[PDB]
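> This is the structure I have questions about; it appears just below.
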Ligand SMILES: CC(C)(CN)Oc1cc(F)cc(F)c1
């Protein structure tokens, strides 16, 4: 089997991407944030505290003839941005882009933190990291990908995120029309439950490539590119008037600037992030200070290849017995 779904930016900055997902019988379609940095499929629901719902579409398990309570199961997750959610668990039929899993754990939110309530466009998350990170207790549950994998034509999914435009998540096949050149594959460590890999270095603009190992995660659920402070300083030193602002919480730059590109290494290959991808617009409405899309990972404990990096590539998440990542230009 295969599936193919369009993923759409939630706003003019590409702060996140939403993908329609069918849950239950008859289908209830929710727009989920596909997150390769976590492993829970959770939704706003008929159980969510009413004051914490503000415009989201909800899953109502009582209206699904295939929903079953997973008795005794609870979940509770905290994300790297400080957000959180928790609740109870149903199993139900979940379809993405024509690919159907029966008996998928659908984690129903009873509580969500304020940043979820405030994002009216995100109805929940669909985690695509390794199932070892799933938070369901006392019986850990599998991701949608792990449940689909044996049925898929090939045990892979691909992320093709757009810059200020829709893109695609495919399951079970490589679309050889969706990228240029060849796909470079690189090793993955699953020891922390992430799609963790080692970039071979970077360049700033038209500068020379610096060969250096950068361990980090491929994370579609993180907006920005978080790298070591040395690398990030080297980037923003090429932008007149850029500075790290403790009050704003990262590097800012004059909105009048034209930004240089950023290149990262994948083995001997190179992915170029155009400068405009690194502009996240005014820090507050009408400001002439703009927020940078490359930020320091120093306060995080891991480097994060988030959407700023991934949207410059066609990315293969290869779930073969020994997982690997693939990157192609596009
Ligand atoms: C949608 C927001 C950004 C709201 N707090 O929640 C996350 C957090 C994550 F770390 C990952 C993700 F995909 C969504």
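No value in this document is a laboratory result; all are computed from the given coordinates.
> Evaluate the relative contact order of the range 1-149 (contact order divided by residue number), counting alpha-carbon pairs under 8 angstrom at least 6 apart; express in whole percent.
Taking the mean separation of contacting Cα pairs over the length of the range 1-149, I get 31 percent.
> Comparing 101, 266, 239, which has the greatest mean-square fluctuation in the GNM of the chain with Cα pairs linked when under 10 Å apart?
239
> Whole Å is fine, so just give me how far the alpha carbon centre of the range 267-286 lies from that of the range 190-213.
The range 267-286 and the range 190-213 have Cα centres separated by 16 Å.
> Can you tell which of 162, 292, 249 shows the greatest fluctuation in a Gaussian network model of the chain with Cα springs below 10 Å?
249
> Averaging sequence separations of C-alpha pairs under 8 Å and six or more residues apart, then dividing by the length of the range 175-330, give the relative contact order as a whole percent. Walk me through the numbers on the way to the answer.
Details: 346 pairs, mean separation 49.6, N = 156.
In percent, rounded to a whole number, it is 32.
> What percent does the relative contact order of the chain come to when contacts are Cα pairs within less than 8 Å and at least six residues apart? Each step should come with its number before you reach the end.
On the way: 873 pairs, mean separation 61.4, N = 330.
About 19 percent, as a whole number.
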